[PDB]
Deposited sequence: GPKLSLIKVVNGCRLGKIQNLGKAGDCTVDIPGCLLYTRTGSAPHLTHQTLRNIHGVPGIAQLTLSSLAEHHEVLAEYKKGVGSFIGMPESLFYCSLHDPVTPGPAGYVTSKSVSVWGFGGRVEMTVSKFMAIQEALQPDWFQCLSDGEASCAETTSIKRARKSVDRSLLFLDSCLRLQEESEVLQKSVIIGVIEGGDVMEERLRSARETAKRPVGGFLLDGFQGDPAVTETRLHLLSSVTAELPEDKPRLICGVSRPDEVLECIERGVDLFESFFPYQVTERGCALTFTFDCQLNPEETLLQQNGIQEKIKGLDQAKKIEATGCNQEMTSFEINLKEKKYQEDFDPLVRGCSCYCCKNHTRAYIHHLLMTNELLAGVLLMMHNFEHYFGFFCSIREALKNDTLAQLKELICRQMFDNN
């Protein structure tokens, strides 16, 4: 149940209900995870971060190769990885490490985890989801269309969508799981509208806007707003591969609700800390730089995360130079806290009608 509050300049402010029956604020982001954990964080350290999303993103690519053990476990992936109190959306691909392209046919899609290619027909896909038991999952889809190749991306995804719906209708396990429809069609306007209008015909719980990643062209942004125009209002709109703050804001203006949070993880992995301001009148610093060796300030003055309240730039610099994993822990805590705080500021700006100002504040720092 998606209940809106306002649509200020095409931006959807609201909350999703009946999830138990937990809730998720929109616009918002999903907690990014790799192979069943928020990277470098635990239950304890995650509890201190403020504004943690209600729902966490898992990827088939990192879990598919663990099918056997999970089916034996029976109680689903959330319980298996030790955080059963959380909601999980299971997408097909990891946004950071998607794997080699060109293995999609009208009959199977392949993902790569730590080991070897896991090729999945519809049956195998649904059999894996029966073991994972996520609350939401992306339906199997062809997102590799990037003219005649775009027509196929729609039809394969339509074919996968209806087969998965059939199998879900007769699977007791997947009854309480919500399928997300996937809009394809690549960069061909005609197919995007077709995928949009045809996927909406089916009773999916939400929509995934696939193939809009950057390298984000204003051409793609036009397709995006044209696609969201064909989509109903009462259903959530997710997007994949869009996480940088300026891109997030462009997509929110065009009706997109939910975002992946892989951006703060990427910042962490290169030894960097988010510093961009998101409240009042450079977006990151590289803690490996020698200028931080004697800098005893926190990463961000006034930040409330455990890293900033209790550790210095100097210390984190040292930890990176000696490759201690505590560096990645403290950077992940700060970067997630900063990024979730950024989304809190978006929802507050929408409430107060100041999103245009926040966009200029973000875009002058990126």
item: Deposited-sequence stretches lacking C-alpha coordinates, listed in sequence order; value: 1-2, 22-24, 152-157, 227-228, 295-330, 416-419
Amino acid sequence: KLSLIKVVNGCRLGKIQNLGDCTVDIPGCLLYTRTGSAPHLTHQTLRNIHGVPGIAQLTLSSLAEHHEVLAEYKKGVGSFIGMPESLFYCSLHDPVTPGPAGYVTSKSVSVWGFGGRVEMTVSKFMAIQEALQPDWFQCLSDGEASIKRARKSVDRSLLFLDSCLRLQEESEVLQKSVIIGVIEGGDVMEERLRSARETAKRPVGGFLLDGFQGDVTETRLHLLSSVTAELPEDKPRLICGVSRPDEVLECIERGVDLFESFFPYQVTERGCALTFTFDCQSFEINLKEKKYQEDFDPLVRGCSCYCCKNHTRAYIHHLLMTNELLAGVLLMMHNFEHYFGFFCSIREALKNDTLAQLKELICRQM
From here on, numbers count along this sequence of modelled residues.
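In this text, rigid core is short for the largest set of C-alphas that superpose within 1.5 Å between two forms.
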{"query": "Stretch departing more from the displayed form, 77-85 or 197-205, Cα RMS in 5 other deposited structures of this protein (core fit)", "finding": "77-85"}
{"query": "Positional deviation of Cα atoms in 5 other deposited structures of this protein after core superposition, greater for 20-28 or 7-15", "finding": "20-28"}
{"query": "Coordinates lacking for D215, a third or more of other entries", "finding": "yes"}
{"query": "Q281: gap in at least one third of other compared structures", "finding": "yes"}
{"query": "Between the two ranges 320-328 and 23-31, the one averaging a larger CA B factor in the entry", "finding": "23-31"}
{"query": "Comparing 345-353 with 10-18, the one whose average Cα B-factor in the PDB entry is higher", "finding": "10-18"}
{"query": "Given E294, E144, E250, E260, the residue at which the Cα B factor reaches its maximum", "finding": "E144"}
{"query": "Largest Cα B-factor, entry values, listed residues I239, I81, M126, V216", "finding": "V216"}
{"query": "Modelled-residue ranking by C-alpha temperature factor, third containing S163", "finding": "highest"}
{"query": "Third of the chain's Cα B-factor distribution that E269 belongs to, per the entry", "finding": "lowest"}
{"query": "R47, C-alpha B-factor rank within chain (lowest, middle or highest third)", "finding": "highest"}
{"query": "CA B-factor placement of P298, once the chain's modelled residues are sorted into thirds", "finding": "lowest"}
{"query": "Lowest, middle or highest third - CA B-factor, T97", "finding": "middle"}
